[PDB]
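Single chain ahead, written as structure tokens, the form deposited in one PDB entry.
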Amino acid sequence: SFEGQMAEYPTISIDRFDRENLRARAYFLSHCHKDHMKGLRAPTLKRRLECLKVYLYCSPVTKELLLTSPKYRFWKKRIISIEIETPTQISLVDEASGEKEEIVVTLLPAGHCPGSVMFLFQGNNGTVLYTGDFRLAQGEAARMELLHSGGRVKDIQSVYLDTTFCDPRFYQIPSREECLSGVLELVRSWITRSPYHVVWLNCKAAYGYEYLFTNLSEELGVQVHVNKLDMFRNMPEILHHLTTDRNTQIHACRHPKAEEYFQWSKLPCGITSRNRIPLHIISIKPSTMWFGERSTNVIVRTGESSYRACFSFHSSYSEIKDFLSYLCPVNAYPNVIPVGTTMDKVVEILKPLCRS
């Protein structure tokens, strides 16, 4: 994984808050996933804040979701939200020496989960882009204005990028539109059969499924059952598509025993029936599917009442190549070395997409 520090601007820490990141002169959070929040509520950091003034920068939506959780509220006076595509000047103060450094940061949508951004940094040590976690369609980098000067791609020294699926194995992954379309039609065909036909969307406990929930709710006029929606209380574009009311045909609720429940025709929220009549439940499990270069269906049946539906939080190998090729940075560094590859193989895929 990425240890928080870009070589070009090492006095700021991104998506990593422990060890050497404890001495950072400014903090950045790309998005509100635990993989990118290590040490963020470490007592040693709660104290290092109080002893003097360092800030955490992030998207307005990221600030809302972060400050919703009780454990992070100590950040409240120390978070500065930056609007999307708004170049902003930040002052970095060396505590020991009193030296001031000036950097500009620009937040670009990363298409990962709500509030997820890339950080574009400009200053004395070159231009660098930290992608965080990102899913962008092929051709999307050419349509980002603030990666351009006078219709020309900006001169970028280093791109630090989401290499979750950086291998030709994950050559092609269906778009979020194709994924949504597949889920929409499976759900539609099921819940229109009668009022006792309900869907359980088996989703991990992590932001990034809302796009699914909000679009199912618009097209079908049915709110999605969730354990908690208070994180979205000041976000009407999401909130109004969700409910804590169990009386709905679409559930994204969660329970430790959800699997044994489903076996007994019980939703995680513990209902088996409506007006004494047992419900008809299908499970749909969003899960990453991929296709090799020289090798179909986003919906896979797994049982009489169970389905896997293609869904990805990270770009395909093809989408990585497209993004990085277009930017043609001097350097490209992987934010992650997945379990099934190595630094040398990922560098071997990245180096040819760089300048020279």
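A residue's number is simply how far along the shown sequence it sits, counting from 1.
What comes next is about the form solved in complex with a small molecule, which is not displayed.
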Inset, instruction - Answer with yes or no whether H36 is in contact with the small molecule in the deposited complex, where contact means some heavy atom within 4.5 Å. - result: yes
Legend entry - Touches the small molecule in the deposited complex: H112 (any heavy atom, 4.5 Å): yes
Inset, instruction - Answer with yes or no whether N202 is in contact with the small molecule in the deposited complex, where contact means some heavy atom within 4.5 Å. - result: yes
Legend entry - the small molecule contact in the deposited complex: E210, any heavy atom under 4.5 Å: no
Legend entry - Listed residue that, although the small molecule is not shown, lies within 4.5 Å of it in the deposited complex (heavy atoms), from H197, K266, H255, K285: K285
Inset, instruction - Scan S158, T164, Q249, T131 and let me know which has any heavy atom within 4.5 Å of the small molecule in the deposited complex. - result: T164
Legend entry - Proximity to the small molecule in the deposited complex (heavy atom, within 4.5 Å), stretch among 202 to 210, 269 to 277, 181 to 189, 230 to 238: 202 to 210
